[PDB]
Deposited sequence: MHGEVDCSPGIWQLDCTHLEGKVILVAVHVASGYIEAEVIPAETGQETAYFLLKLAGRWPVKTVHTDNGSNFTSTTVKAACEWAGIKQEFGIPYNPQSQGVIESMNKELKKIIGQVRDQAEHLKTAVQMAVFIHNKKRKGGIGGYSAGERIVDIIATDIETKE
């Protein structure tokens, strides 16, 4: 299971942020999209699956199950879409608050937040970042 992810959205300044979490690591990827349309979700799944091993994507609701291009991205890349599973979305938003006045565009602040989340140590000291854990779980596999 180095290939299990959770996909959810969150909202900030009235724009949509897609969030993929690697469950076993807490590594995250995220992007501001211009609406919820299946167009962009599909594109971000394909991007994510070109980068990392993506085998199963868990979602919490039915929106991803009613989109033709997500179905086609899933199929082209060999991703199982699968129903049933947060505050990862809440801690993301704290860091977006700590950095928001360091960049003009919200989407720059989302990427600064992802950077910090991925590279920091739990507690601030010792052990691995999310970034190290995802590589260590895939390497160890």
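Trainee: List in ascending order the stretches of the deposited sequence, numbered from 1, that lack C-alpha coordinates.
Mentor: Those stretches are 1 to 7, 93 to 102, 159 to 163, listed in order.
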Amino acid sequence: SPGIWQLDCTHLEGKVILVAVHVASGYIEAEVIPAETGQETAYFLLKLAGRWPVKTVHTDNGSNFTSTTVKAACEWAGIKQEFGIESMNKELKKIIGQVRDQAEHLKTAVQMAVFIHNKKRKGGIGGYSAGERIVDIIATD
From here on, numbers count along this sequence of modelled residues.
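Trainee: I want to check something about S87: across the other compared entries that model its neighbours, is it left unbuilt in at least a third?
Mentor: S87: unmodelled in a third or more of the comparison entries.
Trainee: Relative to the other PDB entries of this protein in the set, is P34 coordinate-less in at least a third?
Mentor: Yes, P34 lacks coordinates in at least a third of the other entries compared.
Trainee: Decide which of the stretches 36 to 44 and 52 to 60 has the higher mean C-alpha B-factor, going by the entry.
Mentor: It is 36 to 44 that shows the higher mean C-alpha B-factor.
Trainee: Which has the higher mean CA temperature factor in the PDB entry, 88 to 96 or 110 to 118?
Mentor: According to the entry, 88 to 96 carries the higher average C-alpha B-factor.
Trainee: In terms of the chain's CA B-factor thirds, is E75 lowest, middle or highest?
Mentor: Middle third - that is where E75 ends up once the chain's C-alpha B-factors are sorted.
Trainee: Using the B-factors in the PDB entry, rank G14's C-alpha atom against the chain and give the third, lowest, middle or highest.
Mentor: As the PDB entry reports it, the C-alpha B-factor of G14 lands in the middle third of its chain.
Trainee: Considering only modelled residues of the same chain, in which third does the CA B-factor of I137 rank: lowest, middle or highest?
Mentor: Middle third of the chain for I137's C-alpha B-factor.
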